[PDB]
Amino acid sequence: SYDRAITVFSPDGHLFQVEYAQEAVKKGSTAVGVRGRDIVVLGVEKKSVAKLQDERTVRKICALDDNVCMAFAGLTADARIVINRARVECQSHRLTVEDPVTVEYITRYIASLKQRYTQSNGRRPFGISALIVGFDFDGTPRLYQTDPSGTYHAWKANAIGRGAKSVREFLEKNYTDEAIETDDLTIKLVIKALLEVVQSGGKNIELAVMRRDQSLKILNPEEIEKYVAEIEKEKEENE
Amino acid sequence: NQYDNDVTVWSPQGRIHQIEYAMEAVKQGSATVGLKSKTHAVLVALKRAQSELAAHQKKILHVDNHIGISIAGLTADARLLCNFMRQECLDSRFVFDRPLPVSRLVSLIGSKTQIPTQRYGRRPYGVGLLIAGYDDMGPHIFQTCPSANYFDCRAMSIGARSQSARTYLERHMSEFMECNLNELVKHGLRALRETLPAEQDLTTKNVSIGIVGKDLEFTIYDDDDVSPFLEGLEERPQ
Amino acid sequence: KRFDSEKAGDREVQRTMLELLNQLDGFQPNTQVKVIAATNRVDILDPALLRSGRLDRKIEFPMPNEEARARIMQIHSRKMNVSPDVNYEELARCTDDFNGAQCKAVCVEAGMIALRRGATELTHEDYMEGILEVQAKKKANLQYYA
Amino acid sequence: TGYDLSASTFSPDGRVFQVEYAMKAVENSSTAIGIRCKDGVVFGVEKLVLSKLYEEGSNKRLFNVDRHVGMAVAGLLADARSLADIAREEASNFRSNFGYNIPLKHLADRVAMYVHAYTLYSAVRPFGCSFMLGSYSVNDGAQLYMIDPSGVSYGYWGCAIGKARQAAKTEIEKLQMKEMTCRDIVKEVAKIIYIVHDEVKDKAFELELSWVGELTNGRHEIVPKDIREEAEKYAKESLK
Amino acid sequence: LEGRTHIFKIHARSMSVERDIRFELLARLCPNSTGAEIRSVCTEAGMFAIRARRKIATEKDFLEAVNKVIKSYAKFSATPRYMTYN
Amino acid sequence: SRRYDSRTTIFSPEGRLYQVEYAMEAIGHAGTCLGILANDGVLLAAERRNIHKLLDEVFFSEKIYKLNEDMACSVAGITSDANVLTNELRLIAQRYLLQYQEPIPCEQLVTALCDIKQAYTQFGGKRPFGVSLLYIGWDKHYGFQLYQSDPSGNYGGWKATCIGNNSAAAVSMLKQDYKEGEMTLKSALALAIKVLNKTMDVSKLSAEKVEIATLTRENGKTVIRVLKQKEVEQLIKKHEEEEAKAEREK
Amino acid sequence: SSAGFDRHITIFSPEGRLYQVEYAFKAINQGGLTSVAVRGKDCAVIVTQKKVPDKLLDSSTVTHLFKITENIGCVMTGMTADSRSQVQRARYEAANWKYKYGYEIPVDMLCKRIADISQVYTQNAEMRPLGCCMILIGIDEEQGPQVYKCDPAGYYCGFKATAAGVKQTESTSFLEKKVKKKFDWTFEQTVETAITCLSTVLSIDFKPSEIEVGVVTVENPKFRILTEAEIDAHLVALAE
Amino acid sequence: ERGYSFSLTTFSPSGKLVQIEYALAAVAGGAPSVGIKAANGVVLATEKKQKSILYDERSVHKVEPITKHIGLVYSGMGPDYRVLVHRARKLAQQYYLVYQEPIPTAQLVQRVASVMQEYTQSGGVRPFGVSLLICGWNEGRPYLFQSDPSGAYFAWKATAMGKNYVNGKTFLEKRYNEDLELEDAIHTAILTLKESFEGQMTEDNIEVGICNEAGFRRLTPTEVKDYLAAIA
Amino acid sequence: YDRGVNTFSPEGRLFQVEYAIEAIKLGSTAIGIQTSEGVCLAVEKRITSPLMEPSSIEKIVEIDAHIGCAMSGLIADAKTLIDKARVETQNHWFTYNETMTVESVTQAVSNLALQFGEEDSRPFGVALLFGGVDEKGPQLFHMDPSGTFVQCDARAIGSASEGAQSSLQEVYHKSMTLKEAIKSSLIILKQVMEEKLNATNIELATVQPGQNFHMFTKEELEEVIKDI
Amino acid sequence: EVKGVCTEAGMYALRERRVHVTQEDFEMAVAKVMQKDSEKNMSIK
């Protein structure tokens with residue numbers, strides 16, 4: 002009848018421990034993000050930090066290179082492996098094929114390794130996913146995703162966690178050419194779509210903007226307040 | 004039915020059903036009747052396809068010059084042993100520079116399928132191969148089964164509805180050791196067509212025929228090559 | 294008698310059957326009025342049943358022979374009117390492993406062929422029809438597989 | 006309650022029913038017995054026939070492992086040829102390294118460890134087939150050793166394997182082995198083998214015969230029927 | 348195939364239905380629905396027809412299939428389609 | 002009965018970690034430890050599981066293990082499973098000091114054993130490590146760093162720690178006493194005495210049944226101070242003097 | 005009572021009791037063999053027997069007495085299938101003592117080496133418990149004779165007089181008062197203690213043929229099996 | 003749960019671990035062996051009783067010293083003792099010749115019990131129910147340590163396992179306090195050793211090992227009974 | 008009950024192999040057609056959200072210069088075997104100096120179809142459609158995870174393949190040219206699709222010996238739209 | 358258990374045949390209930 006799932010497929014043609022694993026991404030740390038013709042932005046929050054503990058230890062999002070950055074969700078245990086495992090391959094794509102790392106190459110490695118990660122009885126599957134954030138050579142944007150089955154897909158913006166389709170409905174108005182024409186309105190639009198995600202209290206909010214090929218910098222609680230002021234002024238002048 | 008899971012574990016009655024389960028896959032394949040005379044041998048098989056526009060998949064193929072074979076059941080183990088048959092046929096064809104008779108050659112195939120039917124974590128192999136060949140003493144027809152038991156015969160048949168073939172074979176197989184090739188081929192299809200339902204063809208592209216001899220190299224007969232064998236046929240009665 | 298207890302729903306009778314063994318043990322008059330018993334399967338059989346008063350002759354009835362399946366089905370079909378030219382050779386060989394009740398299933402089927410029926414049975418294919426009905430027919434064979 | 010599933014593990018009673026399953030699987034095989042005479046060892050096999058079923062004289066259970074050794078086997082034929090090749094590879098090691106005749110006593114011990122090791126590991130399975138080991142030599146002499154799937158190494162003057170091993174060994178005690186010639190020992194088996202294993206159960210069958218000894222100069226080869234006037238010695242007294 | 352559209356033929360006498368509808372369009376997209384599920388399809392169709400105040404199923408020509416596709420697929424189950432091929 | 006089967010390899014079924022929930026249960030079993038923020042130094046505490054006085058106490062530092070001249074750790078969990086991790090990180094810290102001739106930074110150090118513990122919690126059906134051990138030390142970049150190892154592979158490293166489940170009473174105390182920039186390491190040491198005398202089940206702060214290990218930064222020696230029970234006994238009278246002073250108010 | 009896989013594996017019960025090993029303790033009892041090991045002053049005598057169901061039984065192969073070394077013999081009990089595998093092993097481990105160490109093994113460590121791998125057989129249940137039982141003897145320098153026994157639970161054991169097995173429980177009970185005495189034992193006294201202890205266990209006292217009696221004494225240190233001629237001579241000597 | 007599977011060790015829902023816990027229950031059913039750390043030496047008094055009078059204790063030896071200055075005794079079941087004996091015989095002699103000197107026994111307990119840890123802790127198929135009382139003499143100050151199958155090494159001045167483990171540990175907890183006179187500590191250690199012991203005490207019913215600062219000396223039943231019962 | 012996967016059934020036959028056929032149902036529906044002049048094939052992208060990029064996931068891939076392909080079922084397992092055979096066609100072009108034939112591509116994957124090894134622990138439920146032009150001209154091949162190989166003039170997979178093969182063999186033309194195959198492709202297309210047709214909803218694959226490759230090019234899908 | 362101490366301390370005072378109870382007998386009531394506490398020394402330590 003029903004053996005649940007180990008490796009071999011279930012009678013319905015699908016699996017279980019895979020479908021069971023995607024719910025961990027739903028209960029994991031939420032994240033958002035957007036892209037533009039030059040500058041790109043992202044966000045995570047969901048830190049649950051009380052400030053009484055070390056802030057650098059809870060830091061998760063990192064970057065393999067200034068051009069391509071890593072953004073993941075869920076637990077950071079297996080994600081810390083995804084970091085180091087991709088750092089060795091991105092350094093091999095550094096080493097071999099000296100050109101800047103292409104998103105197709107690096108994503109297939111993690112995907113091909115994420116397929117054998119879920120295969121043997123043997124290597125434990127991933128219960129988490131990740132979304133690559135960066136820019137193509139000559140300023141073109143690139144953002145992709147990952148799947149527990151070891152597949153990759155590209156999006157126009159990063160919406161995951163709770164309410165993936167609800168934020169995607171708000172991303173329909175984000176398809177306009179005005180976003181991002183100026184980096185001041187884009188960050189204000191990031192705090193907009195993020196306002197409907199979780200608490201959005203401004204404390205745990207962490208956003209890093211990458212302009213063209215320049216390495217991104219995490220916004221300190223200085224410019225974030227100014228971009229929140231123009232977002233509140235645009236909301237007050239909208240009536 | 005839990006005692007039939009492991010091939011290593013013997014049943015309460017000692018009969019392992021994992022071989023009998025693969026016997027079904029051998030008997031779920033197409034109806035094929037092989038036979039041999041003293042002069043030459045004629046082996047026959049059947050083709051079936053998914054749809055009408057889909058070409059009927061062939062079964063009988065050629066391996067050694069003097070060894071023709073048929074096939075039924077799983078194609079995975081078929082082409083695995085087929086390429087394994089190539090390596091075994093080229094063993095003596097290279098080092099000894101002579102072809103291997105079917106007698107001592109299948110003894111290695113029976114041992115190749117012994118390990119998967121013995122050790123734990125392995126499964127038997129359903130195989131519908133009907134092996135032919137000519138050594139100095141004339142033709143030999145063996146059989147392949149998941150039980151890894153090959154018997155030298157003049158005529159044998161496996162697959163679906165093949166129990167009705169043996170009945171037509173018994174008196175005919177003793178009388179088929181004499182006549183030459185041509186009339187033996189059309190008498191071979193006069194068997195399968197009685198086994199198969201009599202209300203439908205039996206076309207040119209759904210049947211497999213092959214002929215091998217001591218001085219005659221094995222040639223695959225399919226599609227237009229079957230037309231000389233299907234001409235001058237006696238229709239089935241009602 | 295199963296293994297452990299309690300309890301079986303028929304345990305009152307499984308004690309009474311063993312009481313019958315006691316009646317065939319201690320009661321001499323039970324040697325009179327022979328009683329006949331029949332079972333579907335010997336999977337559960339009491340070892341204490343061995344005796345002349347208890348079960349003595351025990352016969353294992355296998356699947357009837359191909360000639361036996363033809364004789365039992367001919368006695369049942371002697372009343373019906375069947376189309377002529379019955380060789381009895383093919384219908385006997387086409388019967389293998391089939392139970393006597395499945396033979397009457399073909400016999401009861403063979404009684405419907407008179408009028409129309411309306412499907413065309415013609416002749417000599419009648420027996421092999423309901424013979425394959427239970428365990429056959431493909432269909433598959435190959436499709437979805439190799 | 007699941008105690009008889011694993012062959013490697015024992016049962017609460019102190020044994021393994023898997024060995025009993027392999028022992029009784031030999032009981033389901035056709036009758037094949039053996040006997041040793043003074044100057045040789047007699048082998049025989051009764052091959053069942055249902056329809057034809059194929060060309061007569063092939064796939065016989067008589068196997069030749071070594072020059073002076075021979076095989077009378079029963080049970081499943083693939084494992085019979087497998088145990089024939091296991092002994093053939095064992096006889097190949099003794100002939101390679103040394104090159105002289107392997108003694109049958111130590112040959113049975115080498116095959117004993119093989120069959121025994123197959124019963125130790127639950128990965129592989131105990132073979133449900135049995136065989137008859139026998140040999141003759143000028144310095145060694147005639148020996149007949151019986152090996153069982155459990156791995157017990159031993160031998161008797163004669164043994165019985167088949168549907169019934171009791172009635173088959175019943176007349177061997179009154180049979181005169183030494184004084185009567187080996188050719189007469191062959192007919193002593195051929196007579197009762199036709200008597201017992203009645204034709205009602207199996208309509209058609211054939212009796213294989215093989216012998217090795219001084220008359221063959223130590224070489225083992227299957228002896229046909231009409232040879233050595235055995236065809237007439239077969240049906241002479243077997244009609245009773 | 349032709350059996351499911353015959354159920355829609357008698358169901359044309361139920362609800363409010365005319366002969367202008369194309370039944371075989373979506374009938375091949377929901378196999379093994381028997382007659383019970385498509386009965387609930389024509390049932391919940393009238394449920395939305397009262398909520399939307401509409402009447403005749405051809406009015407409503409194209410948008411009857413709109414409530415036919417969303418209700419039938421929601422009754423089977425809800426599974427993400429991206430993980431299927433992934 | 003989907004989660005009742007023994008697996009330990011693949012995860013559970015709603016997305017929660019199968020064994021890690023049960024691994025934290027073993028951490029809250031007979032664990033004791035504490036941590037606090039201290040400038041120009043750091044302090045840790047230990048508790049002897051056996052209060053029997055017949056013990057030789059020849060183990061010297063037991064619940065506190067010294068993995069480096071400048072760094073140490075505090076084992077909370079099964080001592081048998083942790084002794085494998087002791088020499089493990091000790092050799093990994095030694096092969097790093099061998100390679101670069103420079104003290105191993107505790108950033109990658111802690112994450113190294115966390116990934117080593119992660120491999121045993123990932124595949125092979127291997128038993129997870131049910132021991133959570135602390136980390137203390139100093140580096141040339143971030144200076145004083147505090148970490149806590151977790152079985153799942155995601156470290157519980159913070160500037161504070163909770164060991165074991167009974168220490169949850171001290172967590173509300175540490176968050177209320179949270180301070181920045183004042184040391185005076187004895188301010189937290191006297192506070193750690195209040196942790197053992199109140200939040201911990203054992204009162205009076207038995208000296209032979211506990212241990213206090215502190216690390217004071219010294220260039221370049223970085224002296225690690227095993228106390229052990231010496232002046233802890235006067236700290237008992239010091240904390241009781243505070244209790245005798247507090248009762249004078251009311 | 006059982007919980008989990010403890011039926012198929014050797015892990016200990018909640019009462020601290022092994023399962024697959026405790027079922028192999030009576031696995032020797034199912035062999036139906038009584039070997040009593042008793043040592044006198046300068047000598048030690050091992051008494052055993054065998055059953056002859058069929059007249060075709062060969063005394064050579066079915067003989068249960070096994071000689072590991074010229075100076076060191078042994079005897080087994082229980083199932084004889086696994087016993088032969090341990091016989092050739094004891095010959096191999098004694099040869100390692102001859103090769104590496106250069107001289108003859110005291111056999112006190114041979115019991116340790118055999119039981120150490122016998123403990124590996126008891127370690128993993130996949131390789132089967134190997135329920136054969138081993139009883140050893142030998143000669144050590146200025147130690148006089150010795151007696152040793154190893155069952156397949158894997159320890160080294162030896163004492164003055166130790167016997168364990170199927171019926172050996174009734175033999176050791178009678179010998180406690182019989183062996184003491186405990187003075188210098190003549191060869192005729194040691195043989196007399198072999199039949200009298202067998203007379204308490206069996207009291208059949210059948211032909212000396214079927215029973216096998218070995219002896220280890222210091223005159224020529226080599227182990228020797230008693231000849232059938234002298235066994236019947238000592239049998240009629242103790243019974244007047 | 004379950005949940006821990008095996009390799010190296012089994013699972014428990016609440017505390018410790020099930021399975022081999024049952025082997026730990028067999029450790030208490032093993033042979034009781036007392037031990038004594040007194041002044042400049044370590045004394046070990048075990049208990050050995052044969053099943054019948056046909057056995058002579060001169061063959062089987064329960065005390066098998068690994069080194070000349072380090073003896074040992076076992077509290078627990080059978081040959082799993084003798085397994086770690088030859089192990090430690092290989093284990094301790096390797097480290098002895100690495101630096102060519104014995105080095106204090108503290109490092110011996112570190113290395114020798116390190117593989118014994120893995121050997122007992124890691125999956126051995128069937129568990130191991132043999133514990134040990136570790137002894138030795140190091141730099142003038144000897145040591146008495148107690149291991150177990152779970153791999154927790156202890157330090158005791160007077161210890162007992164097997165029988166009396168409930169009675170004798172509380173006995174030595176009360177009557178014995180801190181460090182006392184050497185032979186006077188042996189007295190009360192034997193008094194509680196004969197607590198649950200049989201009323202019949204003979205030279206062959208027990209054995210007493212002693213670790214001198216001059217190296218270990220294994221006694222014999224002869225000198226064991228000729229000393230005192232009551233040995234002091 | 009108690010299904011033994013690769014171990015056979017009490018009846019018996021393989022089970023998960025049949026479940027691998029069900030894994031074709033969850034995938035996108037691709038309908039291939041082989042014609043004398045070339046081979047045309049179409050499959051729906053089935054965009055879930057506007058965030059999805061149309062060329063990100065494509066069901067048509069190129070094994071060799073003259074060999075096209077159409078995947079089915081799972082993606083990652085497809086591209087595995089896809090890139091695999093691309094290396095197999097590269098080694099075949101070295102030793103033999105000639106490009107690998109579409110025929111031998113099948114048996115190359117068919118040997119590894121069901122390994123019961125580390126791949127093929135769980136087997137891959139990916140069906141493969143092999144198009145291209147061999148020495149015999151344009152050909153279209155179909156295979157399944159079990160390793161079946163049958164040459165089909167027109168083959169369909171995916172969800173609607175049931176209803177697609179119905180109207181397929183009826184309107185199929187074996188002896189005609191690509192001129193009719195153009196409009197013959199959109200017939201079955203507009204049938205199975207319940208939404209408006211655009212370049213991002215589906216994708217076309219047409220390979221011809223004289224016109225290639227092609228494959229396909231940008232903005233030729235909307236041209237077929239307005240040609241209705 | 359305090360009620361149990363009063364009962365155990367009242368049983369021995371009943372044995373001595375006195376109208377009152379001595380606090381030393383209350384210590385005897387504590388010594389009776391201290392033997393039942395948990396389990397040891399196997400498993401943990």
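Residue numbers (full-length UniProt numbering), protein chains in the order written: chain A, 2 to 240; chain B, 4 to 241; chain C, 294 to 439; chain D, 6 to 245; chain E, 348 to 433; chain F, 2 to 251; chain G, 5 to 244; chain H, 3 to 234; chain I, 8 to 127, 134 to 241; chain J, 358 to 402. Here a beta-carbon is modelled for each residue, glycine too, at the ideal position from N, C-alpha and C.
Item to complete: Kindly list the residues whose CB is nearer than 6 Å to the CB of residue 347 (chain C), restricted to its own chain and excluding five residues on each side of it in sequence; keep chain order.
Response: The residue given as residue 347 (chain C) occupies position 54 in the third sequence. Result list for residue 347 (chain C): 314, 317, in chain order.
Item to complete: Please state if the CB of residue 240 (chain G) and the CB of residue 230 (chain G) are separated by a distance shorter than 7 Å.
Response: On the seventh sequence, position 226 is the one that residue 230 (chain G) refers to. On the seventh sequence, position 236 is the one that residue 240 (chain G) refers to. Contact: no.
Practice prompt. State buried or exposed for residue 1 (chain F), treating a residue as buried only when at least 16 other CB atoms are found within 10 Å of its CB.
Written response: There is simply no residue 1 (chain F) to check, as chain F begins at 2 and stops at 251 in what is shown.
Discussion item. Taking only three categories from DSSP, how would you classify residue 17 (chain A)?
Written reply: Here residue 17 (chain A) refers to the residue found at position 16 when the first sequence is read from its first residue. If DSSP states are grouped into helix, strand and coil, residue 17 (chain A) belongs with coil.
Item to complete: Say whether chain C places a C-beta atom closer than 7 Å to the C-beta of residue 161 (chain I).
Response: Here residue 161 (chain I) is taken as the residue at index 148 of the ninth sequence, counted from 1. Yes, residue 161 (chain I) lies at the interface with chain C (some Cβ there is under 7 Å from its Cβ).
Item to complete: Would you give the residue range spanned by the beta strand (DSSP E) that residue 132 (chain F) belongs to?
Response: Residue mapping note: residue 132 (chain F) aligns to position 131 of the sixth sequence, counting from 1. Careful: residue 132 (chain F) lies outside any beta strand (DSSP E) and carries neither H nor E.
Worksheet entry | Meets three-Cβ-pair contact criterion under 8 Å: the segment 39 to 52 of chain A and the segment 99 to 114 of chain A | no
Worksheet item: Which partner residues of residue 228 (chain H) appear in the DSSP bridge assignment?
Response: The residue you call residue 228 (chain H) lines up with position 226 of the eighth sequence. In the DSSP output, where bridge partners are listed per residue, residue 228 (chain H) has none listed.
Item to complete: With a cut-off of 8 Å on the beta carbons, I'd call residue 94 (chain F) and residue 212 (chain F) a contact; round off their distance for me.
Response: As a position in the sixth sequence, residue 94 (chain F) is number 93, starting the count at 1. As a position in the sixth sequence, residue 212 (chain F) is number 211, starting the count at 1. So it is not a contact: roughly 23 Å between Cβ atoms.
Worksheet item: Can you tell me the Cα-Cα spacing of residue 163 (chain B) and residue 6 (chain A), whole angstroms?
Response: Numbered from its first residue, the second sequence carries residue 163 (chain B) at position 160. Numbered from its first residue, the first sequence carries residue 6 (chain A) at position 5. Approximately 35 Å, taken between the alpha carbons.
Worksheet item: Can the beta-carbon of residue 49 (chain D) be found closer than 7 Å to that of residue 244 (chain D)?
Response: As a first step, residue 49 (chain D) is located in the fourth sequence; it is residue number 44 there, counting from the start. As a first step, residue 244 (chain D) is located in the fourth sequence; it is residue number 239 there, counting from the start. Not a contact, by the Cβ cut-off of 7 Å.
Worksheet item: What whole-angstrom Cβ distance do residue 214 (chain B) and residue 195 (chain B) have, given they're in contact under 8 Å?
Response: Walking along the second sequence from the start, residue 214 (chain B) turns up at place 211. Walking along the second sequence from the start, residue 195 (chain B) turns up at place 192. Between residue 195 (chain B) and residue 214 (chain B) the Cβ distance is about 16 Å, and since that is not below 8 Å, they are no contact.
Worksheet entry | Where residue 5 (chain B) meets chain C, residues with beta-carbon distance less than 8 Å | On the second sequence, position 2 is the one that residue 5 (chain B) refers to. Those within 8 Å of residue 5 (chain B) in chain C number zero; the least Cβ separation is about 16 Å.
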